[PDB]
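Take a look at this one chain, the form deposited in one PDB entry, written out in structure tokens.
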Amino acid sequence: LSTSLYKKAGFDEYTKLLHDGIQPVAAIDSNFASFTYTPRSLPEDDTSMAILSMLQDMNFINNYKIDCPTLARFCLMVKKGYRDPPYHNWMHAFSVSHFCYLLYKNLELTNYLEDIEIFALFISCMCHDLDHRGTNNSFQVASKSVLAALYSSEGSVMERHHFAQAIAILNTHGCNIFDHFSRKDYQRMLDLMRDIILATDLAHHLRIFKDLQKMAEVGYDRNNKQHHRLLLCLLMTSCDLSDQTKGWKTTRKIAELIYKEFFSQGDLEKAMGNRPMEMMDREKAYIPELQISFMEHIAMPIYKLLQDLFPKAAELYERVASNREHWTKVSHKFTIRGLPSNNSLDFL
């Protein structure tokens, strides 16, 4: 049960960060702007600089006149804002943010969304799981947590907390990256971040799914305000699940992290005298079938919509479909429930 203890490094580095200026994206890696780049390969100590590099490459620092020391402090505060569970940690937020940058470079998002909307999407990616406890929304209610007391009445418990943590950072002395905005634009920016972070709740995704399908059917209209809103939600879910667009070795490792996290929650629920849901129970869970279901009912339809809207996103859908096929192959040589005793999927 001690595996459910995930620490915060501080409370709710910098001069060294900007010492040699912002590194151009190609100097980080020649493959940095490619769908074949695996952001989790980047040393954790280099991620803060990579956030600044992406924002500079997307021209947001220049367009929004972002004070670089304020941006450096904000980046570091966001990074410090994640705990250390197996999956919902800063490297997850970093990977999600990188994928938003990949969509910008490869899908030519500037021809579909307003500059401010893309910038809000990127910042939302960085913040979208802030202070995650390695437990889901249902656990918050069951454990009668401070978070459930605060947000169960307004829905999407963790997501509302992630947004509140983002605002708390913007309100910390020397971290307000949106200080060059007028009161009107600052308000628009926080309303965009609120909606985008809320879009990471799977229940929200399922609620707008028919609207996303209709938008992909009729075709995206850049002069349609609802199309902009729907597209921002779809893109946020695509960034959140972007590990599924990588190579087999990435998807397998991410399944190991996800199930180690889920199973620790299930074990904690058992120690509390409760019955966890099947996928969180190491004695009931069959990982290959659970991953196949997740790929077929959640991940693949998101990337199929992405391909329907953006033909250049075809390679992403193809990679997710190929990883679903890999789980089918694993299902014919994986004879255990849960994870092996060593918590590793290396035996494959």
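By rigid core we mean the largest C-alpha set that fits within 1.5 Å across both forms. Start at 1 and count along the sequence shown; that's the residue number. Shifts are known only where both forms have a C-alpha.
The same protein has a further form, the form deposited in another entry, not shown here; the description that follows concerns it.
Of the residues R319, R40, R282, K304, just one CA atom moves 2 angstroms or more between this form and the one not shown under rigid-core superposition; it belongs to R282. Once the rigid core is used as the reference frame, the Cα position of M158 differs between this form and the one not shown by 2 Å or more. Relative to the superposed core, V218 shifts its CA atom by less than 2 Å between this form and the one not shown. Superposition of the core reveals a Cα shift of 2 Å or more for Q140 between this form and the one not shown.
By 3 Å or more, the C-alpha separation between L198 and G155 shrinks in the other entry relative to the form shown here. Panel note: the distance between the CA atoms of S153 and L198 is smaller in the other entry than in this form, the difference being 3 Å or more. Regions that shift between this form and the one not shown, defined as runs of three or more consecutive residues whose CA atoms all move by 2 angstroms or more after core superposition, comprise 131-160, 268-272, 277-285.
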